[PDB]
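my_file20.txt (compact mmCIF, N, CA and C atoms) appears below.
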```txt
# COMPACT_ATOMS: atom_id res chain seq x y z
N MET A 1 85.96 121.24 113.47
CA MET A 1 86.67 121.64 114.69
C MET A 1 88.14 121.93 114.38
N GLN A 2 88.85 122.66 115.24
CA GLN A 2 90.18 123.16 114.97
C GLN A 2 91.29 122.43 115.73
N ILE A 3 92.34 122.07 115.00
CA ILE A 3 93.54 121.44 115.52
C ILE A 3 94.80 122.24 115.18
N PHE A 4 95.96 121.77 115.64
CA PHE A 4 97.27 122.27 115.27
C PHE A 4 98.09 121.25 114.50
N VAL A 5 99.01 121.73 113.66
CA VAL A 5 100.06 120.95 113.03
C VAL A 5 101.39 121.69 113.20
N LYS A 6 102.42 121.03 113.71
CA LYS A 6 103.76 121.56 113.88
C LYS A 6 104.76 120.87 112.95
N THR A 7 105.68 121.63 112.37
CA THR A 7 106.71 121.15 111.47
C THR A 7 108.11 121.56 111.95
N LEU A 8 109.12 120.74 111.66
CA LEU A 8 110.48 120.88 112.12
C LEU A 8 111.19 122.14 111.59
N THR A 9 110.62 122.83 110.62
CA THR A 9 111.04 124.16 110.19
C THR A 9 110.88 125.22 111.28
N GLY A 10 110.15 124.92 112.35
CA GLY A 10 109.79 125.83 113.43
C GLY A 10 108.40 126.44 113.29
N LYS A 11 107.71 126.20 112.18
CA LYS A 11 106.39 126.72 111.90
C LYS A 11 105.28 125.89 112.55
N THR A 12 104.20 126.55 112.95
CA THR A 12 102.96 125.95 113.40
C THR A 12 101.79 126.46 112.56
N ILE A 13 100.85 125.57 112.25
CA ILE A 13 99.64 125.81 111.49
C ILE A 13 98.44 125.44 112.36
N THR A 14 97.34 126.18 112.27
CA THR A 14 96.04 125.76 112.75
C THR A 14 95.06 125.61 111.59
N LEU A 15 94.22 124.57 111.61
CA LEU A 15 93.25 124.31 110.57
C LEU A 15 92.00 123.58 111.05
N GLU A 16 90.93 123.74 110.28
CA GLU A 16 89.59 123.24 110.51
C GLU A 16 89.35 121.91 109.80
N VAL A 17 89.02 120.86 110.55
CA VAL A 17 88.83 119.49 110.12
C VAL A 17 87.62 118.85 110.79
N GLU A 18 87.12 117.74 110.24
CA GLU A 18 86.09 116.93 110.86
C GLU A 18 86.68 115.67 111.51
N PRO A 19 86.11 115.14 112.59
CA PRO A 19 86.57 113.91 113.21
C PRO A 19 86.47 112.68 112.32
N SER A 20 85.67 112.75 111.25
CA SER A 20 85.54 111.76 110.21
C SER A 20 86.54 111.90 109.06
N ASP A 21 87.43 112.89 109.07
CA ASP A 21 88.43 113.06 108.04
C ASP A 21 89.48 111.96 108.10
N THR A 22 89.73 111.29 106.98
CA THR A 22 90.75 110.28 106.81
C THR A 22 92.10 110.91 106.47
N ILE A 23 93.22 110.35 106.91
CA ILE A 23 94.44 111.12 107.03
C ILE A 23 95.01 111.61 105.70
N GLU A 24 94.83 110.92 104.57
CA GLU A 24 95.28 111.45 103.30
C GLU A 24 94.50 112.67 102.81
N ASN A 25 93.27 112.87 103.28
CA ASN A 25 92.56 114.12 103.09
C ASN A 25 93.10 115.22 104.00
N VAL A 26 93.54 114.90 105.21
CA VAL A 26 94.23 115.85 106.06
C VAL A 26 95.56 116.27 105.44
N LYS A 27 96.32 115.35 104.84
CA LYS A 27 97.48 115.67 104.03
C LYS A 27 97.14 116.61 102.87
N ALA A 28 96.01 116.42 102.20
CA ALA A 28 95.56 117.29 101.13
C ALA A 28 95.12 118.67 101.63
N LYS A 29 94.55 118.79 102.82
CA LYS A 29 94.24 120.06 103.45
C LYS A 29 95.51 120.82 103.83
N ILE A 30 96.57 120.12 104.24
CA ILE A 30 97.90 120.66 104.45
C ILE A 30 98.54 121.09 103.13
N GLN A 31 98.39 120.33 102.05
CA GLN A 31 98.84 120.72 100.73
C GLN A 31 98.19 122.03 100.27
N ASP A 32 96.91 122.23 100.55
CA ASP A 32 96.21 123.47 100.25
C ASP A 32 96.65 124.66 101.10
N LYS A 33 97.07 124.46 102.35
CA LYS A 33 97.54 125.51 103.23
C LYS A 33 99.02 125.87 103.10
N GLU A 34 99.89 124.92 102.76
CA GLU A 34 101.33 125.09 102.75
C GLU A 34 102.06 124.53 101.53
N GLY A 35 101.37 123.91 100.58
CA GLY A 35 101.92 123.48 99.31
C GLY A 35 102.57 122.10 99.26
N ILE A 36 102.73 121.42 100.39
CA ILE A 36 103.51 120.21 100.52
C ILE A 36 102.82 119.02 99.85
N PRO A 37 103.43 118.33 98.89
CA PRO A 37 102.83 117.17 98.26
C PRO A 37 102.55 116.03 99.25
N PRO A 38 101.35 115.46 99.30
CA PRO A 38 101.00 114.42 100.23
C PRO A 38 101.94 113.21 100.25
N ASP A 39 102.51 112.79 99.13
CA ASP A 39 103.43 111.68 99.07
C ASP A 39 104.75 111.91 99.82
N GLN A 40 105.10 113.16 100.12
CA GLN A 40 106.26 113.50 100.92
C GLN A 40 105.95 113.69 102.41
N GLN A 41 104.68 113.77 102.80
CA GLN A 41 104.28 114.02 104.17
C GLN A 41 104.32 112.73 104.99
N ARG A 42 104.91 112.78 106.18
CA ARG A 42 104.74 111.81 107.24
C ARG A 42 104.12 112.50 108.46
N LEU A 43 102.91 112.08 108.84
CA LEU A 43 102.17 112.61 109.97
C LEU A 43 102.26 111.67 111.17
N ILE A 44 102.59 112.25 112.32
CA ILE A 44 102.82 111.58 113.59
C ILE A 44 101.84 112.12 114.64
N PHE A 45 101.29 111.21 115.44
CA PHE A 45 100.53 111.51 116.63
C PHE A 45 100.85 110.49 117.73
N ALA A 46 101.00 110.95 118.97
CA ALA A 46 101.10 110.14 120.16
C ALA A 46 101.99 108.90 120.02
N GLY A 47 103.21 109.08 119.53
CA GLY A 47 104.21 108.04 119.41
C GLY A 47 104.06 107.06 118.25
N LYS A 48 103.25 107.36 117.23
CA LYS A 48 103.21 106.60 116.00
C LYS A 48 103.00 107.45 114.74
N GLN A 49 103.48 106.95 113.60
CA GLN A 49 103.04 107.41 112.30
C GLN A 49 101.62 106.94 112.00
N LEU A 50 100.86 107.73 111.24
CA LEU A 50 99.48 107.45 110.90
C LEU A 50 99.32 106.69 109.59
N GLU A 51 98.34 105.80 109.53
CA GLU A 51 97.87 105.15 108.32
C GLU A 51 96.63 105.86 107.78
N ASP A 52 96.55 106.07 106.47
CA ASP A 52 95.55 106.92 105.84
C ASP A 52 94.17 106.29 105.68
N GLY A 53 94.05 104.98 105.88
CA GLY A 53 92.79 104.26 105.87
C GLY A 53 91.88 104.52 107.07
N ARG A 54 92.35 105.25 108.08
CA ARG A 54 91.62 105.59 109.29
C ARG A 54 91.48 107.10 109.49
N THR A 55 90.53 107.49 110.33
CA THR A 55 90.09 108.85 110.57
C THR A 55 90.64 109.45 111.87
N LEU A 56 90.58 110.77 112.00
CA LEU A 56 91.02 111.47 113.20
C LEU A 56 90.40 110.91 114.48
N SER A 57 89.11 110.58 114.47
CA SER A 57 88.43 109.95 115.59
C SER A 57 88.86 108.51 115.87
N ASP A 58 89.28 107.74 114.87
CA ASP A 58 89.84 106.42 115.09
C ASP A 58 91.14 106.49 115.89
N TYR A 59 91.94 107.53 115.66
CA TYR A 59 93.13 107.87 116.40
C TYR A 59 92.86 108.69 117.67
N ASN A 60 91.60 108.94 118.02
CA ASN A 60 91.17 109.73 119.15
C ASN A 60 91.71 111.16 119.20
N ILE A 61 91.85 111.79 118.04
CA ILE A 61 92.23 113.18 117.87
C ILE A 61 90.98 114.05 117.94
N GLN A 62 91.04 115.13 118.72
CA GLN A 62 89.96 116.07 118.93
C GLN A 62 90.48 117.51 118.86
N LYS A 63 89.60 118.50 118.99
CA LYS A 63 89.97 119.90 118.97
C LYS A 63 91.09 120.23 119.97
N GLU A 64 91.97 121.15 119.60
CA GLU A 64 93.14 121.56 120.35
C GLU A 64 94.27 120.53 120.48
N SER A 65 94.15 119.36 119.86
CA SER A 65 95.24 118.42 119.66
C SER A 65 96.25 118.92 118.63
N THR A 66 97.48 118.40 118.68
CA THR A 66 98.57 118.74 117.79
C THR A 66 99.05 117.51 117.02
N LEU A 67 99.15 117.62 115.70
CA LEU A 67 99.88 116.70 114.84
C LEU A 67 101.32 117.18 114.64
N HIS A 68 102.25 116.25 114.46
CA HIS A 68 103.61 116.55 114.06
C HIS A 68 103.85 116.07 112.63
N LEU A 69 104.49 116.90 111.80
CA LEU A 69 104.72 116.66 110.40
C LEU A 69 106.22 116.56 110.11
N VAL A 70 106.63 115.55 109.34
CA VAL A 70 107.98 115.31 108.89
C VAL A 70 107.99 115.15 107.36
N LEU A 71 109.02 115.66 106.70
CA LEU A 71 109.19 115.60 105.26
C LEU A 71 110.13 114.47 104.84
N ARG A 72 109.72 113.65 103.88
CA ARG A 72 110.53 112.64 103.22
C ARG A 72 111.60 113.24 102.31
N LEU A 73 112.56 112.41 101.90
CA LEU A 73 113.83 112.86 101.36
C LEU A 73 113.84 113.16 99.86
N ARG A 74 112.88 112.69 99.06
CA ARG A 74 112.95 112.69 97.62
C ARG A 74 111.77 113.39 96.94
N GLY A 75 112.06 114.18 95.91
CA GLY A 75 111.09 114.89 95.10
C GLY A 75 111.73 115.64 93.93
N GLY A 76 110.90 116.14 93.01
CA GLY A 76 111.30 116.81 91.80
C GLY A 76 111.70 115.86 90.67
```
Can you turn what I pasted into C-alpha cells?
Amino acid sequence: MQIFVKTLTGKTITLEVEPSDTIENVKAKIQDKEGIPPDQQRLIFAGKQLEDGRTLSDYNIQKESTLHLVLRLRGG
C-alpha cells in the first residue's frame, strides 16, 4: 500500500510499503529512493520519533498517511 514521506528540504515522496514493514527497512526503502543513509534518518509520526523494532501497523500507519523525516548532524 502507498504512503507519503515529507522532508524539511520542501520535498515530498510517495512509496509502496507493507503494514508489516519494520521501520529500519522503511529507512532502507528511503535510502533506495533518495540516497539518505539510515543512520542519519530520524522518522516521526503523530508526535513521536519511531523505534525500528516495530512495524507500520504497530504504529497504526495505513495508506495515505504521512511520515516526517529529519536529518542528523554528522556524516562523511
Strand (DSSP E) positions in chain A, given as an mmCIF file with N, CA and C atoms, in the coordinates of the input:
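selection-v9.cif, freshly written:
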```
data_model
loop_
_atom_site.group_PDB
_atom_site.id
_atom_site.type_symbol
_atom_site.label_atom_id
_atom_site.label_comp_id
_atom_site.auth_asym_id
_atom_site.auth_seq_id
_atom_site.Cartn_x
_atom_site.Cartn_y
_atom_site.Cartn_z
ATOM 1 N N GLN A 2 88.850 122.660 115.240
ATOM 2 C CA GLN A 2 90.180 123.160 114.970
ATOM 3 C C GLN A 2 91.290 122.430 115.730
ATOM 4 N N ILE A 3 92.340 122.070 115.000
ATOM 5 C CA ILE A 3 93.540 121.440 115.520
ATOM 6 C C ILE A 3 94.800 122.240 115.180
ATOM 7 N N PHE A 4 95.960 121.770 115.640
ATOM 8 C CA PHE A 4 97.270 122.270 115.270
ATOM 9 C C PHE A 4 98.090 121.250 114.500
ATOM 10 N N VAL A 5 99.010 121.730 113.660
ATOM 11 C CA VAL A 5 100.060 120.950 113.030
ATOM 12 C C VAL A 5 101.390 121.690 113.200
ATOM 13 N N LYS A 6 102.420 121.030 113.710
ATOM 14 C CA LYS A 6 103.760 121.560 113.880
ATOM 15 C C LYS A 6 104.760 120.870 112.950
ATOM 16 N N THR A 7 105.680 121.630 112.370
ATOM 17 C CA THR A 7 106.710 121.150 111.470
ATOM 18 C C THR A 7 108.110 121.560 111.950
ATOM 19 N N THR A 12 104.200 126.550 112.950
ATOM 20 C CA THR A 12 102.960 125.950 113.400
ATOM 21 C C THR A 12 101.790 126.460 112.560
ATOM 22 N N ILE A 13 100.850 125.570 112.250
ATOM 23 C CA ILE A 13 99.640 125.810 111.490
ATOM 24 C C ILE A 13 98.440 125.440 112.360
ATOM 25 N N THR A 14 97.340 126.180 112.270
ATOM 26 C CA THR A 14 96.040 125.760 112.750
ATOM 27 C C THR A 14 95.060 125.610 111.590
ATOM 28 N N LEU A 15 94.220 124.570 111.610
ATOM 29 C CA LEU A 15 93.250 124.310 110.570
ATOM 30 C C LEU A 15 92.000 123.580 111.050
ATOM 31 N N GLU A 16 90.930 123.740 110.280
ATOM 32 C CA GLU A 16 89.590 123.240 110.510
ATOM 33 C C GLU A 16 89.350 121.910 109.800
ATOM 34 N N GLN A 41 104.680 113.770 102.800
ATOM 35 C CA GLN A 41 104.280 114.020 104.170
ATOM 36 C C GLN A 41 104.320 112.730 104.990
ATOM 37 N N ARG A 42 104.910 112.780 106.180
ATOM 38 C CA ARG A 42 104.740 111.810 107.240
ATOM 39 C C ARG A 42 104.120 112.500 108.460
ATOM 40 N N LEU A 43 102.910 112.080 108.840
ATOM 41 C CA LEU A 43 102.170 112.610 109.970
ATOM 42 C C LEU A 43 102.260 111.670 111.170
ATOM 43 N N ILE A 44 102.590 112.250 112.320
ATOM 44 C CA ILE A 44 102.820 111.580 113.590
ATOM 45 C C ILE A 44 101.840 112.120 114.640
ATOM 46 N N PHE A 45 101.290 111.210 115.440
ATOM 47 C CA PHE A 45 100.530 111.510 116.630
ATOM 48 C C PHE A 45 100.850 110.490 117.730
ATOM 49 N N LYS A 48 103.250 107.360 117.230
ATOM 50 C CA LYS A 48 103.210 106.600 116.000
ATOM 51 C C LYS A 48 103.000 107.450 114.740
ATOM 52 N N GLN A 49 103.480 106.950 113.600
ATOM 53 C CA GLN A 49 103.040 107.410 112.300
ATOM 54 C C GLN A 49 101.620 106.940 112.000
ATOM 55 N N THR A 66 97.480 118.400 118.680
ATOM 56 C CA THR A 66 98.570 118.740 117.790
ATOM 57 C C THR A 66 99.050 117.510 117.020
ATOM 58 N N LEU A 67 99.150 117.620 115.700
ATOM 59 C CA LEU A 67 99.880 116.700 114.840
ATOM 60 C C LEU A 67 101.320 117.180 114.640
ATOM 61 N N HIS A 68 102.250 116.250 114.460
ATOM 62 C CA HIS A 68 103.610 116.550 114.060
ATOM 63 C C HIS A 68 103.850 116.070 112.630
ATOM 64 N N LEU A 69 104.490 116.900 111.800
ATOM 65 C CA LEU A 69 104.720 116.660 110.400
ATOM 66 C C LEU A 69 106.220 116.560 110.110
ATOM 67 N N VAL A 70 106.630 115.550 109.340
ATOM 68 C CA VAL A 70 107.980 115.310 108.890
ATOM 69 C C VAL A 70 107.990 115.150 107.360
ATOM 70 N N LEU A 71 109.020 115.660 106.700
ATOM 71 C CA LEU A 71 109.190 115.600 105.260
ATOM 72 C C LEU A 71 110.130 114.470 104.840
#
```
Legend entry - Sel. of alpha helix (DSSP H) residues, chain A, as a PyMOL selection string: chain A and resi 23-34
Inset, instruction - Using CA of residue 45 (chain A) and CA of residue 75 (chain A) as the two end points, give the distance in Å to one decimal. - result: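 Computing the Euclidean distance for CA of residue 45 (chain A) and CA of residue 75 (chain A) yields 24.2 Å.
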Inset, instruction - Identify, on the basis of only N, CA and C atoms, every residue whose closest approach to residue 57 (chain A) does not exceed 5 Å; exclude the query and any residue fewer than 3 positions from it along the same chain; express the result as a ChimeraX atom specification. - result: /A:19,60-61
For residue 6 (chain A): contacts at 8 Å, only C-alpha atoms, fewer than 2 positions along chain excluded, given as a PDB file with N, CA and C atoms, keeping the file's coordinate frame:
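The new file out-v3.pdb reads:
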```pdb
ATOM      1  N   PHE A   4      95.960 121.770 115.640  1.00  0.00           N
ATOM      2  CA  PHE A   4      97.270 122.270 115.270  1.00  0.00           C
ATOM      3  C   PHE A   4      98.090 121.250 114.500  1.00  0.00           C
ATOM      4  N   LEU A   8     109.120 120.740 111.660  1.00  0.00           N
ATOM      5  CA  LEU A   8     110.480 120.880 112.120  1.00  0.00           C
ATOM      6  C   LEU A   8     111.190 122.140 111.590  1.00  0.00           C
ATOM      7  N   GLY A  10     110.150 124.920 112.350  1.00  0.00           N
ATOM      8  CA  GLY A  10     109.790 125.830 113.430  1.00  0.00           C
ATOM      9  C   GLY A  10     108.400 126.440 113.290  1.00  0.00           C
ATOM     10  N   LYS A  11     107.710 126.200 112.180  1.00  0.00           N
ATOM     11  CA  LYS A  11     106.390 126.720 111.900  1.00  0.00           C
ATOM     12  C   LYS A  11     105.280 125.890 112.550  1.00  0.00           C
ATOM     13  N   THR A  12     104.200 126.550 112.950  1.00  0.00           N
ATOM     14  CA  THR A  12     102.960 125.950 113.400  1.00  0.00           C
ATOM     15  C   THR A  12     101.790 126.460 112.560  1.00  0.00           C
ATOM     16  N   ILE A  13     100.850 125.570 112.250  1.00  0.00           N
ATOM     17  CA  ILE A  13      99.640 125.810 111.490  1.00  0.00           C
ATOM     18  C   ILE A  13      98.440 125.440 112.360  1.00  0.00           C
ATOM     19  N   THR A  66      97.480 118.400 118.680  1.00  0.00           N
ATOM     20  CA  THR A  66      98.570 118.740 117.790  1.00  0.00           C
ATOM     21  C   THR A  66      99.050 117.510 117.020  1.00  0.00           C
ATOM     22  N   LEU A  67      99.150 117.620 115.700  1.00  0.00           N
ATOM     23  CA  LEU A  67      99.880 116.700 114.840  1.00  0.00           C
ATOM     24  C   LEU A  67     101.320 117.180 114.640  1.00  0.00           C
ATOM     25  N   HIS A  68     102.250 116.250 114.460  1.00  0.00           N
ATOM     26  CA  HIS A  68     103.610 116.550 114.060  1.00  0.00           C
ATOM     27  C   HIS A  68     103.850 116.070 112.630  1.00  0.00           C
ATOM     28  N   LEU A  69     104.490 116.900 111.800  1.00  0.00           N
ATOM     29  CA  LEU A  69     104.720 116.660 110.400  1.00  0.00           C
ATOM     30  C   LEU A  69     106.220 116.560 110.110  1.00  0.00           C
TER      31      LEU A  69
END
```
Legend entry - Two-atom distance - CA of residue 18 (chain A), CA of residue 56 (chain A) (Å):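 Those two atoms sit 7.7 Å apart.
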Inset, instruction - Go through A:23, A:17, A:30, A:3 and flag the residue nearest residue 65 (chain A), using only C-alpha atoms for the distances. - result: A:3
Inset, instruction - In Å, rounded to a single decimal, give me how far CA of residue 55 (chain A) is from CA of residue 74 (chain A). - result: 26.6 Å
Inset, instruction - Counting only N, CA and C atoms, figure out which residue out of A:34, A:48, A:1, A:54 gets nearest to residue 22 (chain A). - result: A:54
Legend entry - A:52, A:63, A:76, A:7 ranked by distance to residue 21 (chain A), top pick (using only N, CA and C atoms):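 Result for the nearest residue to residue 21 (chain A): A:52.
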Legend entry - Exercise: residues within 7 Å of coordinate (91.2, 125.2, 104.0), counting all atoms listed in the file, as a ChimeraX atom specification: /A:15-16,29,32-33
Legend entry - Of the listed residues A:24, A:9, A:71, A:14, that which approaches residue 53 (chain A) most closely, counting all atoms listed in the file: A:24
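Of the listed residues (A:5, A:26, A:72, A:62), A:72 comes nearest to residue 39 (chain A); the distances count all atoms listed in the file.
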Inset, instruction - For each of A:43, A:20, A:37, A:2, take the minimum atom-to-atom distance to residue 70 (chain A), counting all atoms listed in the file, then give the residue where this is smallest. - result: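 Among A:43, A:20, A:37, A:2, it is A:43 that comes nearest to residue 70 (chain A).
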Complete the atom set of region 57-71 of chain A to N, CA, C and O atoms and return it as an mmCIF file, in the frame of the given file.
```
data_model
loop_
_atom_site.group_PDB
_atom_site.id
_atom_site.type_symbol
_atom_site.label_atom_id
_atom_site.label_comp_id
_atom_site.auth_asym_id
_atom_site.auth_seq_id
_atom_site.Cartn_x
_atom_site.Cartn_y
_atom_site.Cartn_z
ATOM 1 N N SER A 57 89.110 110.580 114.470
ATOM 2 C CA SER A 57 88.430 109.950 115.590
ATOM 3 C C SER A 57 88.860 108.510 115.870
ATOM 4 O O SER A 57 88.905 108.127 117.037
ATOM 5 N N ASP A 58 89.280 107.740 114.870
ATOM 6 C CA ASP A 58 89.840 106.420 115.090
ATOM 7 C C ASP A 58 91.140 106.490 115.890
ATOM 8 O O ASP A 58 91.385 105.650 116.757
ATOM 9 N N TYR A 59 91.940 107.530 115.660
ATOM 10 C CA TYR A 59 93.130 107.870 116.400
ATOM 11 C C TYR A 59 92.860 108.690 117.670
ATOM 12 O O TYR A 59 93.809 109.079 118.349
ATOM 13 N N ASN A 60 91.600 108.940 118.020
ATOM 14 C CA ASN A 60 91.170 109.730 119.150
ATOM 15 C C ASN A 60 91.710 111.160 119.200
ATOM 16 O O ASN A 60 92.011 111.691 120.264
ATOM 17 N N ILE A 61 91.850 111.790 118.040
ATOM 18 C CA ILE A 61 92.230 113.180 117.870
ATOM 19 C C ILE A 61 90.980 114.050 117.940
ATOM 20 O O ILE A 61 89.976 113.756 117.295
ATOM 21 N N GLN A 62 91.040 115.130 118.720
ATOM 22 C CA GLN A 62 89.960 116.070 118.930
ATOM 23 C C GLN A 62 90.480 117.510 118.860
ATOM 24 O O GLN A 62 91.676 117.736 118.697
ATOM 25 N N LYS A 63 89.600 118.500 118.990
ATOM 26 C CA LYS A 63 89.970 119.900 118.970
ATOM 27 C C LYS A 63 91.090 120.230 119.970
ATOM 28 O O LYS A 63 91.146 119.653 121.057
ATOM 29 N N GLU A 64 91.970 121.150 119.600
ATOM 30 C CA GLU A 64 93.140 121.560 120.350
ATOM 31 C C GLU A 64 94.270 120.530 120.480
ATOM 32 O O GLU A 64 95.278 120.809 121.116
ATOM 33 N N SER A 65 94.150 119.360 119.860
ATOM 34 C CA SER A 65 95.240 118.420 119.660
ATOM 35 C C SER A 65 96.250 118.920 118.630
ATOM 36 O O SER A 65 95.919 119.723 117.761
ATOM 37 N N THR A 66 97.480 118.400 118.680
ATOM 38 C CA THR A 66 98.570 118.740 117.790
ATOM 39 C C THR A 66 99.050 117.510 117.020
ATOM 40 O O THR A 66 99.403 116.492 117.618
ATOM 41 N N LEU A 67 99.150 117.620 115.700
ATOM 42 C CA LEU A 67 99.880 116.700 114.840
ATOM 43 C C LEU A 67 101.320 117.180 114.640
ATOM 44 O O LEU A 67 101.561 118.382 114.550
ATOM 45 N N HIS A 68 102.250 116.250 114.460
ATOM 46 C CA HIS A 68 103.610 116.550 114.060
ATOM 47 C C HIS A 68 103.850 116.070 112.630
ATOM 48 O O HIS A 68 103.452 114.966 112.266
ATOM 49 N N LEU A 69 104.490 116.900 111.800
ATOM 50 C CA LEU A 69 104.720 116.660 110.400
ATOM 51 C C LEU A 69 106.220 116.560 110.110
ATOM 52 O O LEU A 69 106.988 117.430 110.527
ATOM 53 N N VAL A 70 106.630 115.550 109.340
ATOM 54 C CA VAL A 70 107.980 115.310 108.890
ATOM 55 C C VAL A 70 107.990 115.150 107.360
ATOM 56 O O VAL A 70 107.069 114.564 106.800
ATOM 57 N N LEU A 71 109.020 115.660 106.700
ATOM 58 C CA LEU A 71 109.190 115.600 105.260
ATOM 59 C C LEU A 71 110.130 114.470 104.840
ATOM 60 O O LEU A 71 111.252 114.392 105.352
#
```
